[PDB]
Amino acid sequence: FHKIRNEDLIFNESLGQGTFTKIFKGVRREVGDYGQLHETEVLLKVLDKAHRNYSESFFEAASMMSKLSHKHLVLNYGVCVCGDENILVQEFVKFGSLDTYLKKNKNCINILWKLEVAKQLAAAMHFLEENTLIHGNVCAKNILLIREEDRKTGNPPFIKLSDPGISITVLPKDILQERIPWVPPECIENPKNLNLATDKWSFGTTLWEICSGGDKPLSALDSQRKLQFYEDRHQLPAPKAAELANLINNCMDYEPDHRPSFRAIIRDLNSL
(Lines of atoms letter the chains of each structure in order from A and count residues from 1; the text may use other names and numbers.)
(Lines give C-alpha, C1' and ligand atoms only; values in the text may rest on other atoms or scores of the structure.)
Protein backbone atom coordinates (compact mmCIF):
# COMPACT_ATOMS: atom_id res chain seq x y z
CA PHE A 1 0.00 0.00 0.00
CA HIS A 2 1.16 3.50 -0.89
CA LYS A 3 1.75 5.52 2.28
CA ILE A 4 -0.03 8.89 2.44
CA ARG A 5 1.11 11.63 4.83
CA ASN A 6 -1.34 12.81 7.48
CA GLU A 7 -0.61 16.41 6.43
CA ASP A 8 -1.93 15.64 2.95
CA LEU A 9 -5.37 14.58 4.26
CA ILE A 10 -8.21 16.84 5.40
CA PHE A 11 -11.01 15.15 7.36
CA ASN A 12 -14.48 16.49 6.69
CA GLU A 13 -17.96 15.21 7.52
CA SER A 14 -18.72 11.86 9.07
CA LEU A 15 -20.41 9.42 6.70
CA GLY A 16 -21.27 6.80 9.30
CA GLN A 17 -19.51 3.81 10.79
CA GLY A 18 -18.71 0.20 10.04
CA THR A 19 -17.44 -2.66 12.18
CA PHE A 20 -14.87 -1.04 14.49
CA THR A 21 -14.47 1.77 11.95
CA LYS A 22 -15.67 5.32 11.37
CA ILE A 23 -16.08 6.72 7.87
CA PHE A 24 -15.42 10.31 6.75
CA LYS A 25 -15.47 12.30 3.57
CA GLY A 26 -12.03 13.85 3.13
CA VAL A 27 -9.65 15.65 0.76
CA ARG A 28 -6.18 14.49 -0.26
CA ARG A 29 -3.66 17.01 -1.58
CA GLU A 30 -1.53 15.22 -4.13
CA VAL A 31 0.73 15.63 -7.13
CA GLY A 32 -0.99 13.84 -10.00
CA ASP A 33 -0.25 13.18 -13.65
CA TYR A 34 2.07 15.61 -15.43
CA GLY A 35 3.00 17.08 -12.05
CA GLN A 36 -0.36 18.84 -11.67
CA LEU A 37 -1.41 19.48 -8.08
CA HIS A 38 -4.86 18.15 -7.15
CA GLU A 39 -7.24 18.33 -4.20
CA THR A 40 -9.02 14.98 -4.55
CA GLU A 41 -12.20 13.89 -2.78
CA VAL A 42 -11.48 10.71 -0.82
CA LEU A 43 -13.27 8.29 1.48
CA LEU A 44 -11.35 7.85 4.73
CA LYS A 45 -11.93 4.67 6.74
CA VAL A 46 -10.55 5.00 10.26
CA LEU A 47 -10.04 1.99 12.52
CA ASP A 48 -11.20 2.78 16.07
CA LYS A 49 -8.22 3.52 18.31
CA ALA A 50 -9.70 1.19 20.94
CA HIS A 51 -9.53 -1.62 18.34
CA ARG A 52 -6.01 -0.98 17.02
CA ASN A 53 -5.42 -4.73 17.51
CA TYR A 54 -7.57 -5.38 14.41
CA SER A 55 -5.27 -3.27 12.23
CA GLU A 56 -3.61 -6.17 10.41
CA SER A 57 -7.01 -7.64 9.49
CA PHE A 58 -8.36 -4.16 8.73
CA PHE A 59 -5.60 -3.65 6.12
CA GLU A 60 -5.26 -7.24 4.84
CA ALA A 61 -8.87 -6.77 3.76
CA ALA A 62 -8.17 -3.81 1.49
CA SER A 63 -4.76 -5.08 0.35
CA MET A 64 -6.23 -8.24 -1.20
CA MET A 65 -8.77 -6.13 -3.11
CA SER A 66 -5.97 -3.86 -4.32
CA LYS A 67 -3.49 -6.42 -5.65
CA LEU A 68 -6.06 -7.00 -8.43
CA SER A 69 -7.46 -4.29 -10.70
CA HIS A 70 -11.01 -4.45 -12.02
CA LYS A 71 -13.65 -1.96 -13.14
CA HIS A 72 -16.09 -3.28 -10.51
CA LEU A 73 -13.69 -3.21 -7.52
CA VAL A 74 -13.25 -0.04 -5.47
CA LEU A 75 -9.93 1.79 -5.80
CA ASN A 76 -7.74 2.18 -2.72
CA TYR A 77 -5.35 5.13 -2.92
CA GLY A 78 -3.22 4.02 0.01
CA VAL A 79 -3.04 4.17 3.78
CA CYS A 80 -2.16 6.74 6.42
CA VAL A 81 -0.50 5.18 9.47
CA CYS A 82 1.07 8.38 10.81
CA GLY A 83 0.93 8.52 14.58
CA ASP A 84 -1.79 6.52 16.31
CA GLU A 85 -4.29 6.28 13.46
CA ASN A 86 -4.93 3.48 10.98
CA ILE A 87 -6.63 5.03 7.94
CA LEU A 88 -7.59 3.52 4.60
CA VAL A 89 -7.74 6.10 1.80
CA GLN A 90 -10.28 5.16 -0.84
CA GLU A 91 -11.87 6.71 -3.92
CA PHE A 92 -14.95 8.72 -3.03
CA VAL A 93 -18.05 7.33 -4.73
CA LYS A 94 -20.64 10.04 -5.38
CA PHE A 95 -23.79 8.11 -4.52
CA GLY A 96 -22.54 6.02 -1.59
CA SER A 97 -23.65 2.57 -0.48
CA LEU A 98 -26.36 0.57 -2.18
CA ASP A 99 -28.24 -0.28 1.03
CA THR A 100 -29.28 3.33 1.57
CA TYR A 101 -29.68 4.10 -2.14
CA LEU A 102 -32.19 1.25 -2.43
CA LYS A 103 -34.24 2.64 0.47
CA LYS A 104 -34.25 6.29 -0.66
CA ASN A 105 -35.25 5.20 -4.19
CA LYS A 106 -37.75 2.32 -3.74
CA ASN A 107 -40.49 3.83 -5.91
CA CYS A 108 -38.03 4.41 -8.77
CA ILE A 109 -35.96 1.21 -9.03
CA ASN A 110 -37.40 -1.41 -11.40
CA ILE A 111 -36.55 -4.98 -12.28
CA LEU A 112 -34.18 -4.00 -15.09
CA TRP A 113 -32.20 -1.80 -12.69
CA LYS A 114 -31.93 -4.65 -10.17
CA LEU A 115 -30.96 -7.11 -12.92
CA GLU A 116 -28.16 -4.90 -14.25
CA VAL A 117 -26.79 -4.27 -10.76
CA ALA A 118 -27.04 -8.01 -10.03
CA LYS A 119 -25.15 -8.81 -13.24
CA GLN A 120 -22.39 -6.34 -12.38
CA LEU A 121 -22.01 -7.78 -8.88
CA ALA A 122 -21.91 -11.28 -10.36
CA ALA A 123 -19.22 -10.09 -12.76
CA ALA A 124 -17.10 -8.78 -9.90
CA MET A 125 -17.57 -12.00 -7.90
CA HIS A 126 -16.81 -14.09 -10.99
CA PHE A 127 -13.55 -12.14 -11.34
CA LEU A 128 -12.76 -12.87 -7.69
CA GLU A 129 -13.69 -16.54 -8.05
CA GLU A 130 -11.46 -16.95 -11.12
CA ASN A 131 -8.65 -15.42 -9.05
CA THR A 132 -9.57 -17.68 -6.07
CA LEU A 133 -9.84 -14.56 -3.90
CA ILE A 134 -12.36 -14.61 -1.05
CA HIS A 135 -14.21 -11.36 -0.34
CA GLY A 136 -15.85 -12.45 2.92
CA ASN A 137 -18.40 -9.66 3.37
CA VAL A 138 -20.67 -9.28 0.32
CA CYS A 139 -23.63 -7.08 1.26
CA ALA A 140 -25.56 -4.09 -0.05
CA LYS A 141 -23.70 -1.72 2.31
CA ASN A 142 -20.48 -2.88 0.63
CA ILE A 143 -21.76 -2.07 -2.88
CA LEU A 144 -21.08 1.51 -4.02
CA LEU A 145 -23.09 3.25 -6.73
CA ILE A 146 -20.64 4.99 -9.08
CA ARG A 147 -23.27 6.22 -11.55
CA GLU A 148 -27.04 6.47 -11.50
CA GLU A 149 -29.11 5.07 -14.32
CA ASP A 150 -29.87 7.73 -16.94
CA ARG A 151 -32.73 6.41 -19.06
CA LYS A 152 -32.41 9.46 -21.34
CA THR A 153 -28.87 8.42 -22.35
CA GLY A 154 -29.34 4.63 -22.21
CA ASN A 155 -26.75 4.55 -19.41
CA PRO A 156 -27.25 1.76 -16.86
CA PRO A 157 -26.26 2.18 -13.22
CA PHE A 158 -22.66 1.29 -12.46
CA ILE A 159 -21.55 -0.27 -9.17
CA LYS A 160 -18.33 -1.28 -7.48
CA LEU A 161 -17.69 -3.76 -4.66
CA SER A 162 -15.98 -2.23 -1.63
CA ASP A 163 -13.38 -3.82 0.64
CA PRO A 164 -14.63 -6.44 3.12
CA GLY A 165 -13.45 -4.78 6.34
CA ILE A 166 -12.13 -6.84 9.24
CA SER A 167 -12.45 -10.55 8.41
CA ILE A 168 -15.15 -12.66 10.02
CA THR A 169 -12.32 -15.06 10.91
CA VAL A 170 -11.22 -12.67 13.71
CA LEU A 171 -14.43 -10.87 14.68
CA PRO A 172 -16.27 -11.47 17.97
CA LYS A 173 -18.83 -14.26 17.93
CA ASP A 174 -21.72 -11.89 18.66
CA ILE A 175 -20.91 -9.67 15.69
CA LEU A 176 -20.92 -12.72 13.41
CA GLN A 177 -24.31 -13.73 14.77
CA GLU A 178 -25.71 -10.25 14.10
CA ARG A 179 -24.53 -10.66 10.49
CA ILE A 180 -26.80 -13.61 9.87
CA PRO A 181 -28.00 -14.13 7.15
CA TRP A 182 -25.02 -12.62 5.28
CA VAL A 183 -22.58 -14.89 7.10
CA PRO A 184 -23.11 -18.49 5.91
CA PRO A 185 -24.26 -21.21 8.34
CA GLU A 186 -20.97 -23.05 7.99
CA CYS A 187 -19.14 -19.90 9.13
CA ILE A 188 -21.44 -19.48 12.13
CA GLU A 189 -20.57 -23.09 12.96
CA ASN A 190 -16.84 -22.40 12.38
CA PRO A 191 -15.56 -19.01 11.15
CA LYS A 192 -12.45 -20.77 9.80
CA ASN A 193 -14.75 -22.34 7.18
CA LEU A 194 -14.41 -19.08 5.22
CA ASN A 195 -14.26 -20.23 1.62
CA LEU A 196 -15.07 -19.19 -1.92
CA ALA A 197 -18.45 -20.84 -1.29
CA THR A 198 -18.98 -18.27 1.49
CA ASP A 199 -19.35 -15.46 -1.04
CA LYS A 200 -21.92 -17.43 -3.04
CA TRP A 201 -24.18 -17.51 0.03
CA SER A 202 -23.67 -13.81 0.81
CA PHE A 203 -24.28 -12.94 -2.82
CA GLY A 204 -27.68 -14.58 -2.43
CA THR A 205 -28.39 -12.48 0.65
CA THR A 206 -27.20 -9.39 -1.19
CA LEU A 207 -29.57 -10.06 -4.10
CA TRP A 208 -32.37 -10.29 -1.54
CA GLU A 209 -31.43 -6.82 -0.27
CA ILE A 210 -31.38 -5.49 -3.83
CA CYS A 211 -34.88 -6.84 -4.48
CA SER A 212 -36.24 -5.65 -1.10
CA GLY A 213 -35.84 -1.86 -1.30
CA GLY A 214 -33.25 -1.65 1.47
CA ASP A 215 -34.92 -3.98 3.98
CA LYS A 216 -32.49 -6.08 5.99
CA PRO A 217 -33.40 -9.80 5.94
CA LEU A 218 -34.29 -11.20 9.36
CA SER A 219 -33.85 -7.72 10.96
CA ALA A 220 -36.80 -8.54 13.24
CA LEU A 221 -34.92 -11.56 14.65
CA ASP A 222 -32.52 -11.07 17.55
CA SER A 223 -29.23 -12.96 17.50
CA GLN A 224 -30.63 -16.04 19.26
CA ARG A 225 -33.51 -16.37 16.82
CA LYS A 226 -31.15 -15.86 13.87
CA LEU A 227 -29.05 -18.81 15.06
CA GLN A 228 -32.22 -20.90 15.30
CA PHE A 229 -33.18 -19.79 11.78
CA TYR A 230 -29.99 -21.52 10.61
CA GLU A 231 -30.56 -24.53 12.90
CA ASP A 232 -34.03 -25.08 11.41
CA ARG A 233 -32.58 -24.63 7.87
CA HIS A 234 -34.97 -21.88 6.84
CA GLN A 235 -34.62 -19.85 3.66
CA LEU A 236 -35.44 -16.18 3.28
CA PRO A 237 -38.94 -15.18 2.12
CA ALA A 238 -39.26 -14.41 -1.54
CA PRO A 239 -39.10 -10.63 -2.07
CA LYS A 240 -42.39 -9.09 -3.21
CA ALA A 241 -40.70 -8.54 -6.58
CA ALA A 242 -39.84 -12.22 -6.76
CA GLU A 243 -38.06 -12.33 -10.15
CA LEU A 244 -34.75 -13.27 -8.48
CA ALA A 245 -36.17 -15.45 -5.69
CA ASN A 246 -35.05 -18.78 -7.16
CA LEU A 247 -31.49 -17.55 -7.73
CA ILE A 248 -31.43 -16.17 -4.17
CA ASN A 249 -32.39 -19.53 -2.70
CA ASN A 250 -30.07 -21.39 -5.08
CA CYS A 251 -27.17 -19.30 -3.83
CA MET A 252 -28.20 -19.59 -0.18
CA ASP A 253 -27.79 -23.36 -0.23
CA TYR A 254 -27.01 -24.93 3.14
CA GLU A 255 -24.68 -27.32 1.27
CA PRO A 256 -21.69 -25.09 0.34
CA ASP A 257 -20.51 -27.55 -2.34
CA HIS A 258 -23.87 -27.24 -4.09
CA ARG A 259 -23.82 -23.44 -4.44
CA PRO A 260 -23.50 -22.49 -8.12
CA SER A 261 -20.35 -21.00 -9.61
CA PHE A 262 -20.67 -17.36 -10.55
CA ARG A 263 -20.45 -18.34 -14.23
CA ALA A 264 -23.67 -20.35 -13.89
CA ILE A 265 -25.13 -17.47 -11.84
CA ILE A 266 -24.29 -15.09 -14.69
CA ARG A 267 -25.81 -17.54 -17.16
CA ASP A 268 -29.06 -17.60 -15.15
CA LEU A 269 -29.08 -13.80 -14.81
CA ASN A 270 -28.73 -13.42 -18.58
CA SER A 271 -31.82 -15.56 -19.20
CA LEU A 272 -34.16 -13.19 -17.30
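Basically, rigid core = biggest C-alpha set you can superpose within 1.5 Å across the two forms. Note that residue numbering follows the sequence shown and begins at 1.
Of the two stretches examined, 59-67 and 29-37, the one with higher mean CA deviation in 4 other deposited structures of this protein after a rigid core fit is 59-67.
Note on 84-92 vs 122-130: mean CA B-factor is higher in 84-92. The stretch 148-156 shows the higher mean C-alpha B-factor when 169-177 is compared against 148-156 in the entry. Between the residues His135, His72, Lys192, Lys200, the entry's highest C-alpha temperature factor is the one at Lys192. Comparing C-alpha B-factors across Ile111, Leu161, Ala140, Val183 in the deposited entry, the largest value falls on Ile111.
Annotation for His38: C-alpha temperature factor in the middle third relative to the rest of the modelled chain, per the entry. Ranked by Cα temperature factor within the chain, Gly26 sits in the lowest third according to the deposited record.
Residue-level temperature factors show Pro217 in the lowest third of its chain, judged at the C-alpha atom. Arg52: CA B factor in the highest third of modelled residues in this chain (values from the PDB entry). When the modelled residues of the chain are ordered by C-alpha B-factor, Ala242 sits in the highest third.
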